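Some notes on the structure that comes next.
Hydrogens, waters and symmetry mates are skipped; everything else that's a heavy atom, side chains included, is used. Every chain is numbered from 1 and lettered A, B, ... according to where its sequence line falls, protein lines coming before strand lines.
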Amino acid sequence: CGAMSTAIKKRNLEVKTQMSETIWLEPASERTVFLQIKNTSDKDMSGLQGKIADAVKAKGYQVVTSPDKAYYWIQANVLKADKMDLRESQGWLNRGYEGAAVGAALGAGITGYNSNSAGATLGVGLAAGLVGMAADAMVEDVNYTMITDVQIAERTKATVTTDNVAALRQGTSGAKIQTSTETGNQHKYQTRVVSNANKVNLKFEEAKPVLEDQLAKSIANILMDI
Amino acid sequence: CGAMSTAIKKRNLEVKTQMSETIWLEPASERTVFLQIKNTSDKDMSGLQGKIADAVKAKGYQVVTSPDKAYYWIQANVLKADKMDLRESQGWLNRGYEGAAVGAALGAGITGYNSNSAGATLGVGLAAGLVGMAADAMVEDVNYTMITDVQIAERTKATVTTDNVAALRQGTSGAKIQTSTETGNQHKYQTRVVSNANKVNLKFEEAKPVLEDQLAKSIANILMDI
Amino acid sequence: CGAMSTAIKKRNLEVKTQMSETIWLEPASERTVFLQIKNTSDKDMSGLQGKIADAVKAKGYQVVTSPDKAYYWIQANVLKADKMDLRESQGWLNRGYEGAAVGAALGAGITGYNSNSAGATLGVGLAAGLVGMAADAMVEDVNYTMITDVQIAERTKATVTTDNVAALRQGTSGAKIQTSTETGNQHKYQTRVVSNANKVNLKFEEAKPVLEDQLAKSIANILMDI
Amino acid sequence: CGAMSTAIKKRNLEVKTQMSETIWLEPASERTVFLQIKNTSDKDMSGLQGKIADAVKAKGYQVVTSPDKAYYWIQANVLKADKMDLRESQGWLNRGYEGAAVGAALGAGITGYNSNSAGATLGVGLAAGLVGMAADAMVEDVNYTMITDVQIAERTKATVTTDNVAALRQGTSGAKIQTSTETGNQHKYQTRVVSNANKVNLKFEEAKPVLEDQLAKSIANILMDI
Amino acid sequence: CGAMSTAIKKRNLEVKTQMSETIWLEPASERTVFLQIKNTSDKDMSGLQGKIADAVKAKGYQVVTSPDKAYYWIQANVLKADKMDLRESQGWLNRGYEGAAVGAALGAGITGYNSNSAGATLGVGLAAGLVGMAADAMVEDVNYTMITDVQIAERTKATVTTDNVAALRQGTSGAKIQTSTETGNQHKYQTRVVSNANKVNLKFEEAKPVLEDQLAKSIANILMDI
Amino acid sequence: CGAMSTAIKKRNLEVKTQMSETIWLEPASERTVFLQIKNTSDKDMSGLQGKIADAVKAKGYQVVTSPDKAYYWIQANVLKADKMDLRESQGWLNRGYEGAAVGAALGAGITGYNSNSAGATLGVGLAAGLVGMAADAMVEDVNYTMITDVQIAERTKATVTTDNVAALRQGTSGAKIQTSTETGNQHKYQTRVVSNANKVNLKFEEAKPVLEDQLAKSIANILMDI
Amino acid sequence: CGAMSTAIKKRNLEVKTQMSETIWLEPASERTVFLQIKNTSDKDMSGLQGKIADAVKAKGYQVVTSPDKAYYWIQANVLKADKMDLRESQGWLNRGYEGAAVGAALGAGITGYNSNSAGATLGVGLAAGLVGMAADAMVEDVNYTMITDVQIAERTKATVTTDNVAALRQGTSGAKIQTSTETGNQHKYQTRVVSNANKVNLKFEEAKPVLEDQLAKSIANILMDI
Amino acid sequence: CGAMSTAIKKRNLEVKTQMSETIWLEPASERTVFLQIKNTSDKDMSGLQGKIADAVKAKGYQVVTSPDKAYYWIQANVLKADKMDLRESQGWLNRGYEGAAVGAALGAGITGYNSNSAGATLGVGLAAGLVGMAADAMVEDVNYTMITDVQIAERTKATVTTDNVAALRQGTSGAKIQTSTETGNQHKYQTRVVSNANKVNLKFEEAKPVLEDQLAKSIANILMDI
Amino acid sequence: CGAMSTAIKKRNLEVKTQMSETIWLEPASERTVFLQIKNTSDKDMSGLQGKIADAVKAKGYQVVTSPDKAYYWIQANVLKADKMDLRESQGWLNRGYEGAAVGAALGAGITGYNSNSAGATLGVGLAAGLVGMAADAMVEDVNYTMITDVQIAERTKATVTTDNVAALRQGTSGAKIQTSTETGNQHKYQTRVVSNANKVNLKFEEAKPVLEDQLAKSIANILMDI
């Protein structure tokens, strides 16, 4: 019952995109944005940069190819992606014991009353039980989790001091501490977006365009309209 | 029994809006408000800005389109939205085992006494049990959770110093610390509003106007009347 | 049932590569990269350096053999690799008791009704039960976990101070603390990549080319295109 | 069933070598290495030093017998070694109760139907049960764990200050704190390697050459090729 | 079954010696060692000092009787020794209930079918059950644990400052703090060695020579060869 | 069964003496020791001082009666002693229920078949059960725990500053803090010795000479021979 | 069975006296002691002061009635005393249910076979069960716990500064902090003695002389002989 | 059985008085005491002040009515008093279910064999069961707990500084901190006394004189005799 | 049984008043008190101020209406009051299941033997069971908890500094810190009184006069008599 229940509940693709924290931007009249999209995950998001540019341009901004003449920077990295089956947390039922029991009972029942003979009701029941167990194992609640790191840069008139601190671990004994200081006129803020795609026997190709569309809109909505 | 019990209990739309903390504002005679509404969530709240303006104007304030000549700022961001089924926390009953048992017993019972024959009471019972299990899976206690970040700005005669501190994580080794200082005559306060919409098989389109109305009134009620 | 369920679920090779943290790099026009790939693990990844160079060159960079004339350094070390069987966490079922019970019942059942005689149904059942238990033990959900440490170096105009701190443990009594200070014009950042390969009775030779391909792309994608 | 299941699963020698942490070394053109290998454990690793020298020489380095004219030092100590039986964590089954039950049932069964007589089926069953329990106790999942401490020294142009701090515990009352300071031109880093050897009824002599080979390669791979 | 299972598993003497931490010594050309071995435990280790001297001399060092002309000091104290029975952690089975049940069943069984009479099968069964319970109690998994504190002294050219801090507890109210400072040219490091000897009904006299041999080699192996 | 099992296992006196921590003493040519032995416990250890003097003199030292002309001080206090029954941690079995059940069954069994009559088998069984319960209560695993505080003083050339800090609790409100400072040429170190004596129905008089002998040797072994 | 088991085990008075911590006193030739014994507990210890004086005088000291000409002070306070029944921690068995069951069964059994009649076996059984329950309630494992605070004063040549700190709690709002400083030539140390007296149905009058004798010896043994 | 067991065990009044901490007073020749006794509890302790004066005068002190000419102050406050039933922690048995079961069985048993008729055995049993349940509820293990705060003042020659610190909580926002400093020649110490009175169906009037007597003696015993 | 057991146990009104902490007041000859009683709770305590004045006047003090000429201030606020049913913590028994079972059994029993007929014993039993369940629900162990904050002010000659610190929370972002300093000659102390009133089906009107009387006496008893 668990296999078909999962199939009915998760019959439709469900995509959820959740931004971790709110980045507040001062009102301004500038409309130049520079984009820098990376993907260090093992899954394809090649269409993300184009969709972000379209969403940003639809809000009244102009996308420039050189970062020096851009008032805003949108830096995004699709950091990691994970795949898991939600049925695996239900216990031993996900293994296929329930599917085997239903198949075995159906095979013996359909043979025990119709042409019972002797031994035939065991061979058919075993074959049906094996098929039932196999069919249970082929149904999984596939869930795709994606993590995207977003960095937004805004130009400012105030002097901004950037202190780079890095504790480069060297072994089990210690680390190499690197320090430097630079000044500029740019404020940088970071935020994280978590994406989820869920469907029965979901293939990432089907969920890829929807994940890109929702992720692009969420990142582009940090900027104010016009 | 769980499916119909959920349907009866959650037959009506229930919307709850809860502000996290109270923002205290000094009494004043100014009535100029600037609005800035964002939506980084994956759900539509396009009518929120208009409803906030109507609620603010109904309290005696004047909405201005330029932030420089506004005594008050209302900055709101619909940060994230989540959907979950409350029946999923009830255990294995939500899977559909209870629905299958009721359907199987009804199918066998209606056939065991009326035209029992042989084998017929099993085929009808299995079909009825499958339908009963399927009907249980199609009933869910849909709950929508929404998080909205609110920032309120108030002009003041005192000098306000803003120190921007950002620890931009760079990897597993360290971070880039950004610091800057600016002065102004504006006080900013933050608060959070949590919204909930609950109904059986709820679609967000039905709950969207109610969520917007309650959220707009809650945010606009931070300001005093007149 | 657990043995064949594992075989069906894990019938295909699944490789997952996940970068731990995002390294942000400033936009630049330099395209010289120096590579330094190490492997202190007990498994072969000899093709990793060549695949990283191909992926880096495909993005518009030029690989140089001398570190002094390289704007970027990519230092990677395949630190450790582990092998485990996921079925071992299922309990006593992984031992082979379930396989023995199925084999014993099948052996006695196929003999109890056909040529029952006396004592024969026990010898066949014991032999079939032993074979069933043996076949269960030969099926394992092999999972390979690999840890890779990545260090990225970027040239900068700012003066960078490196303080080496090492607490070399000397016994149970204390340690020898080593300190030194050097200056340079290079920023170094660290990150970690976790790789997983899963299949039934998986041999590392089959998963080696896929692990190298995914790891090379993930590391090379830290750099921006062109 | 546990005894033969362990024998089948652990029928082949499995050796795992895992370095705890990554030691990063700056690129250089020096190729002189000094070796210093110790063994304070109770197990023989006499061939480790020779295998490290061969692996180091195969990577293009020259091994020198005097530490003063060596750019690199490789100091390794096989600190401790432990032996344990993995079956001991399975519970009372490892004691031999399961083996006794199988032997007792087989002895009584083979006698209860063939020449039952009286009392004979108890003497044979008891003898077979004792043999079955004894055979279970002679099968163990032997696992050898080895800990190796590694210290790597690299010459540098920077001045290195070494502060020796030792809190020599004197009783339950206090300690004798020893402090000293020396300067030099050598950086030292520490790391740890954990080795595991697993097989049914494993003897350390069989696993000794494999442990030495994997440990030597792991330590020598800290150095870059050529 | 537990008694004979323990006898078979622990039929051979097993001695394990594990050094807690690694003491690193700089390479040097000195070969003078001074020994100072103490034993505050309740067990005899009179042969430890002689075996340490033999192991040290076999590595190329010269043992001197006066500490002032020794480059190295080896100070060892056999601090404490403990004896425990590993069967005591198995529960009530170690008491002898299992042995009584086997003896009682054997006594009644051997009499119930052969010369049953009346009352005789109870007297023999009770006597056999008592003997079986007694034999179970005489079998124990004897484990000897030994703790040895090791202090190694090395001459150095640097000035070494020793600060003696002792918080001598005086009652429940406070303590007497003693402080002093001395200077010297000797570095001292501490480490701990844990020894284990396990056998069925083990007597410490049998395990004494093996414990001394392994402990002496472990301590002497802190020094480099030649 | 628990009563006789305890009697067999603990039939012999077992004395364990364990020093808590190691006190390290510098090599020296002095051989004058002053003894000061106290006993604040409730048990007799009158022979401890004489045995310590004999053990110290057997190692080449000379015992002096005046502390001013002694290079070493040995101050020991037998602080506390405790007595407990190890069978009390076994549960309700130590109460005597098991002994009553065995006695009641034996009384009824020996009467139920031989001269059964009526009512006689109950009076004899009750009397035998009461005796069996009483005999169980008279068997206890007596364990004696003793704590001894040891303070060792050594003359030194360095100036030793003793700061006496005492927080004399005055009530629930506060305390009276006492502070003083003195200088001297004597180092004091503290350690603790834990003694255990275990036997069935053990009387402290039997274990007293063995406890004194082991305690005296352990304390005297802090000093080096000759 | 619990009632008589407790009576047999605790048939003899057992008194345990345990000093919490060791007070170390420097060797000296003075023999003047001043005593000050208090008793704030609810139990009589009137003979404690006399027994302490006798024990102190037996060790060679002279007791003086004026504190100004005494080198040593012994200040003791019997702080508190508690009484508890150890059977109360055994559960519901201590209530008397076990005693009622034994009495009820004995009453019905002695009447069911001898002059059974009708109804008589219930009246006798109820009366015997009530008596059995009552007798169980009259047996208790009485344990007396006593806490004694000890303060020892020793004259010294060093200047001793006493800082009195008292945080006198004034309500739920705060406290009144009292501070003062005095100088003197006397060192004070504190320790605690815990006394236990255990017997079945123990009356404190029987345990009073033994508690006084053990407490007096323990306190007087802080001083060295002669 | 629980009701009568409680009645037998707690048939006599038991009063326990325990002082929390020891207040140490320097020996002196002054004998003037000023008393100040308060009672903020809800129970009557009107006789406490008179009994303290009698106990103090019996020890050789003189009670004065004006605090300025008193060397000692005894300030006591009976802070709070609580009443609880110890049977309430036994579970549902204290409710009266056990009493109802005994009464119901007795009523049915006395009627089932004597004049059974029909229905009569139910009416009598119900009435007897109700009476039995009612009688169980009227028996309670009444325990009275009393807390007394004691403050003792002693004149001194040293200057005493009293710093009054009070954090008067003002709301959920903050507090009003009050600070002041005064000097005097009086030391104040605080301690707490806990009193317990236990009996079946105890009325506080019966326990009042005993509580006063024990409390008065405990407080007066802080002072030394004469 | 739970309903009537609660009715019998709680048949009488029980009022408990407990002061949290003791406020110590210096002896003085002043007798002017100013009262200020507030009640922010939802329950009526209108008679509290009059009863406090009567209790204060009965102790020899004079109540003044102007705070400036009062040596003592008594400020009290009845902060909050809560009502709860103690039967609600007993579990499902408080719901009324036990009452329904008793009523159903009584209804069926009184009809099953007298005029059994058919179906009549079910209608009467259901009606009686419903009445029994209803009667159980109408019985509750009503407990009223009241919290009273007390502030006592005392005039003093010392200068008292009051620092007002208030952290007025402004939102989720921060707070507004208010600070001020004033000087005066008045000490203020705070304490808390907890009041409890318990009875079956208790109405607050019945417990109001008793709560006022006990609360007034407790607060007035902080002051010394005369």
Student check: side-chain heavy atoms of A:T191 and A:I152 closer than 4.5 Å: no
Any donor-acceptor pair under 3.5 Å from A:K51 side chain to A:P209 backbone: yes
Closest heavy-atom pair and its distance - C:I226, C:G60: CD1-CA, 4.2 Å
Where C:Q18 and A:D82 come nearest, the two heavy atoms and their spacing: NE2-OD1, 3.4 Å
Steps toward side-chain contact (heavy atoms from CB on, under 4.5 Å) verdict (B:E205, B:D44): CA-CA 9 Å; B:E205 308 84 291; B:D44 209 30; over 6 Å; no
Nearest heavy atoms of B:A55 and B:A220, plus distance in Å: CB-CB, 3.7 Å
Main-chain N/O of B:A158 paired to B:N185 side chain as donor or acceptor, under 3.5 Å: yes
Main-chain N/O of B:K176 paired with A:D163 side-chain donor or acceptor, under 3.5 Å: no
Pairs where residues 14-40 of chain B contributes a residue and the test salt bridge (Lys or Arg N to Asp or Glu O under 4.0 Å) is met, not counting sequence neighbours: B:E21-I:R169
Heavy-atom side-chain contact between B:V33 and B:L35 under 4.5 Å: yes
C:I222 side chain near C:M19 side chain, heavy-atom distance below 4.5 Å: yes
Check against side-chain contact (heavy atoms from CB on, under 4.5 Å), B:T183 and B:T162: CA-CA 6 Å; B:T183 63; B:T162 305; over 6 Å; no
Distance-minimising heavy-atom pair for B:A197 and B:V15: CB-CG2, 4.3 Å
B:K217 atom NZ, neighbour heavy-atom count above 12 within 6.0 Å: no
side-chain hydrogen bond (donor to acceptor under 3.5 Å, both in side chains) involving B:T17 - partner list, sequence neighbours excluded: B:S195, B:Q214
For residues 61-68 of chain A, which side-chain donor-acceptor pairs fall under 3.5 Å, sequence neighbours excluded?
from: A:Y61; atom 1: OH; to: A:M224; atom 2: N; distance (Å): 3.3
from: A:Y61; atom 1: OH; to: A:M224; atom 2: O; distance (Å): 2.5
from: A:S66; atom 1: OG; to: A:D68; atom 2: OD1; distance (Å): 2.4

B:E182 and A:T156, any side-chain heavy atoms less than 4.5 Å apart: yes
Any donor-acceptor pair under 3.5 Å from C:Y71 side chain to C:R155 backbone: yes
pair C:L25-C:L223: side-chain heavy atoms closer than 4.5 Å: yes
B:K208 to B:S46 - nearest heavy-atom pair and separation: NZ-OG, 3.8 Å
Close side-chain approach of C:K188 to C:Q75, heavy-atom, < 4.5 Å: yes
side-chain contact (heavy atoms from CB on, under 4.5 Å) evaluation trace for C:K59 with C:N221: CA-CA 9 Å; C:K59 303 178 42 126; C:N221 276 327; 3.5 Å; yes
Any side-chain heavy-atom pair of C:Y189 and A:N164 under 4.5 Å: yes
Pair B:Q190-A:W24, side-chain contact (heavy atoms from CB on, under 4.5 Å): steps then yes or no: CA-CA 11 Å; B:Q190 281 175 355; A:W24 299 106; 3.2 Å; yes
Minimum heavy-atom distance between C:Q186 and C:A153, given as atom pair plus value: CD-CB, 3.7 Å
Donor-acceptor contact below 3.5 Å, side chain A:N143 vs main chain A:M84: no
Heavy-atom check, side chain of A:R192 versus side chain of A:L79, under 4.5 Å: yes
